[PDB]
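All residue numbers for the sequence shown refer to the authors' numbering, where the first residue is 1 and numbers rise by one. Heads up: the structure comes next, in structure tokens.
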Amino acid sequence: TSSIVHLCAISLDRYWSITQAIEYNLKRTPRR
């Protein structure tokens with residue numbers, strides 16, 4: 001039970017950072 005979460009806690013983070021940088025620039029606006 002606890003051996004999962006943790007894990008899950010890894011595989012997610014990885015994508016966390018990414019996401020955070022995406023949206024960043026995603027629909028942005030841009031503006032533009």
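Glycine is no exception: its CB is placed at the ideal position from the N, C-alpha and C atoms.
Open item on the list: For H6 and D13, what's the separation of their Cα atoms in angstroms?
Closed with: 11 Å
Task: Under the three-state DSSP convention, the category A21 falls into - done: coil
Open item on the list: For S2 and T19, what's the separation of their Cα atoms in angstroms?
Closed with: 26 Å
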